[PDB]
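Here's the structure we're looking at; comments come further down.
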2 protein chains.
Amino acid sequence: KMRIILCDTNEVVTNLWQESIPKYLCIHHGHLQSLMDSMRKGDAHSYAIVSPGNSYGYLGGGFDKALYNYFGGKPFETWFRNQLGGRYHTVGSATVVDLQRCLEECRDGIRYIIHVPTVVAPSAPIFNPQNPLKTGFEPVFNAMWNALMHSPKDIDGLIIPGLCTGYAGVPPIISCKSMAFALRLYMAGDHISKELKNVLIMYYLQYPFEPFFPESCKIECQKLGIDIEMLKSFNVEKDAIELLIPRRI
Amino acid sequence: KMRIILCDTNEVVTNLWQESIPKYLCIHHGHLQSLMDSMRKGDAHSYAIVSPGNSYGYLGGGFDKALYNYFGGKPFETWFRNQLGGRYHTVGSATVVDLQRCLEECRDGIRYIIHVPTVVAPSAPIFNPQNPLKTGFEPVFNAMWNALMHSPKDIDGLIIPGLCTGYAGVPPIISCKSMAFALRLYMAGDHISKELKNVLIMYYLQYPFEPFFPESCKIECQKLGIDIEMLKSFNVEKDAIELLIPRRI
Ligand SMILES: OC[C@@H](O)[C@H](O)[C@@H](O)CO
Ligand SMILES: OC[C@@H](O)[C@H](O)[C@@H](O)CO
């Protein structure tokens, strides 16, 4: 019942989202303030917002700078980093910060910030055209998966920006595809077993390893209309994610 | 007061550990069973063991295969994966599994397994000589940092293998250096502020970003005898970690 709210100032990103995403989903072109201003005319709700910044919790750059300004600036950033323990958080981790404490500064119905670091520090882009998978498709998928897996069950909606497309340098076409795959897996719900979802992620990320593909899952693929041969050779740079998750599901 | 127990079957790894590590630390050359057999003559204690495997919790390969055999084989692996929720865990995350449940199968004083995935699946090495930092120094440091940060405070000792040196392919010389840096940071305790440790990690991993290097930390460097210029240009491939953390600390 959770609503997914995709928000980005780059029309390139928002257009791609519209084209890739099969109400349950909202796409907003503009800044965070713009999104909050438009949701107010209908907020007459609890939300979590994804902060895909750095390993230290500093809030600068693109989307995070917006959160920085929206929640109170420097004093807020200081409070935020302290909630994160003021220490180094590895890329691939996720930490939920409860803003409820503000009531004890508070701002709208946004109660949680899900900290999902995508870079140690923004000293350079993370993307490298030499290996799009390892530095593009994978990091964006992981950040999206983490955001979804750590989203508090009590929220009405999850606000997410165009992951790693800022200083990080991941091309929007790449970022949006991984974000779409993570969302398709999520929206599939229980229609796909937890184990088959594990297998789909494995092949999507190009880590083909048969021993981790149980017979029960092959049986499920046939039942679901998922072509096992195309799955085993899935190439994210050439194949449609629809092959992995038929819209029928 | 926690004891660090480094264990590896590769004498190359164990020798390097002895040379790099400044009782509080034990180095064992041999298999896990060998370590447990030798600790018994003195266990007349609670331990956590690091399992640096894959994103799915399967226990195969090197060190994990030893844990697999030690705890009960297939039935144990199945129980283990279920404790992990049976889902995909991103590299960079860490999950503590409590074996205490066995009492409700049980094996020695090992109460916890800290799951620290280092690869999605072992379909190929993670290391690439073209970028030793991103595929060698960084992943090993992150896995060690995660293991240390998630170690239950109630244990007497932490058992850790030669991280990412198996199928992963990280050279022992590289893996041991990052493991030594993480340990030096940890052993420094409160002698180095949490914020300066953040800065040291940043430069060690080669993400030089001045805005994240506060004046208070520069002041602390001078007090501690940490050369700020050598810090700003620290090159893990050429400089000694002693520059970052003088043994005086
Ligand atoms: O991490 C997401 C980035 O911050 C984006 O919001 C860019 O600033 C603009 O596409
Ligand atoms: O992850 C650590 C690896 O499993 C090692 O134990 C190798 O098997 C041997 O150096």
Side-chain angles (χ1 to χ4, degrees), chain A residues 54-58 60-61 81-82 85-95 116-124 126 128 130-131 133-135 138-139 141-146 149-150 167 182 185 193-195 197-214, chain B residues 54-58 60-61 81-82 85-95 116-124 126 128 130-131 133-135 138-139 141-146 149-150 167 182 185 193-195 197-214:
Chain A
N54 52 77
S55 294
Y56 303 106
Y58 286 102
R81 295 194 62 230
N82 287 319
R87 71 185 75 273
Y88 171 73
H89 282 271
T90 62
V91 168
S93 72
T95 303
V116 183
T118 57
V119 305
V120 170
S123 56
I126 61 168
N128 191 305
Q130 281 180 170
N131 199 327
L133 264 293
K134 310 296 183 181
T135 72
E138 193 183 87
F141 174 79
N142 284 348
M144 187 66 141
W145 177 257
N146 274 144
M149 294 298 98
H150 293 75
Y167 289 121
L185 284 177
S193 72
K194 216 175 291 292
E195 196 70 79
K197 289 190 184 179
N198 286 337
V199 174
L200 300 179
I201 291 170
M202 177 167 90
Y203 283 100
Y204 175 84
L205 294 179
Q206 278 181 44
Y207 287 97
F209 198 61
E210 286 282 6
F212 292 3
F213 198 159
Chain B
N54 52 77
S55 294
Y56 303 106
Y58 286 102
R81 295 194 62 230
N82 287 319
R87 71 185 75 273
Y88 171 73
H89 282 271
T90 62
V91 168
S93 72
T95 303
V116 183
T118 57
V119 305
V120 170
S123 56
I126 61 168
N128 191 305
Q130 281 180 170
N131 199 327
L133 264 293
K134 310 296 183 181
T135 72
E138 193 183 87
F141 174 79
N142 284 348
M144 187 66 141
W145 177 257
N146 274 144
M149 294 298 98
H150 293 75
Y167 289 121
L185 284 177
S193 72
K194 216 175 291 292
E195 196 70 79
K197 289 190 184 179
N198 286 337
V199 174
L200 300 179
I201 291 170
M202 177 167 90
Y203 283 100
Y204 175 84
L205 294 179
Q206 278 181 44
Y207 287 97
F209 198 61
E210 286 282 6
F212 292 3
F213 198 159

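Quick note: numbers below take in every heavy atom, side chains included, and nothing from hydrogens, waters or symmetry partners. Naming convention: chains lettered A, B, ... in sequence-line order (proteins, then strands); numbering from 1 in each chain.
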If one checks every heavy atom of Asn54(A) against chain B at 4.5 Å, the contacting part turns out to be side chain
Quick one: side chain to side chain donor-acceptor pair (under 3.5 Å) partners of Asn146(B), sequence neighbours excluded? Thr90(A)
At a 4.5 Å cut-off on heavy atoms, which part of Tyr88(A) comes close to chain B: side chain, backbone, both, or neither? both
Selection from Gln206(B), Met202(B), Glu138(B), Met149(B) maximising heavy-atom pairs under 4.5 Å formed with chain A: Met202(B)
Given a strict heavy-atom distance threshold of 4.5 Å, which part of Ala124(A) is in contact with chain B: side chain, backbone, both, or neither? neither
With sequence neighbours left out, the residues meeting ring pair (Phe, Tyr, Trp, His ring centres under 6.0 Å) with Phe212(A) are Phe209(A), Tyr58(B)
Rounded to the nearest 0.5 Å, what separation is found between the NE2 atom of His89(A) and the CG atom of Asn142(B)? 12.5 Å
Just verifying a value: how many Å separate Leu200(B) CG and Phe213(B) CZ, rounded to the nearest 0.5 Å? 7.5 Å
Residue among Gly86(B), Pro122(B), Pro211(B), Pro208(B) with most heavy-atom pairs under 4.5 Å to chain A: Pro122(B)
With a 4.5 angstrom heavy-atom cut-off, could you sort out which part of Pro117(A) is near chain B: side chain, backbone, both or neither? neither
At a heavy-atom separation under 4.5 Å, does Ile201(A) approach chain B through its side chain, its backbone, both, or neither? both
Nearest 0.5 Å, what's the OH-NZ distance between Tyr204(A) and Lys197(A)? 15.5 Å
Between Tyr207(B), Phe141(B), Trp145(B), which shows the greatest number of heavy-atom pairs under 4.5 Å with chain A? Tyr207(B)
Above 12 or not: heavy atoms from other molecules or residues under 6.0 Å from CD of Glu210(A)? yes
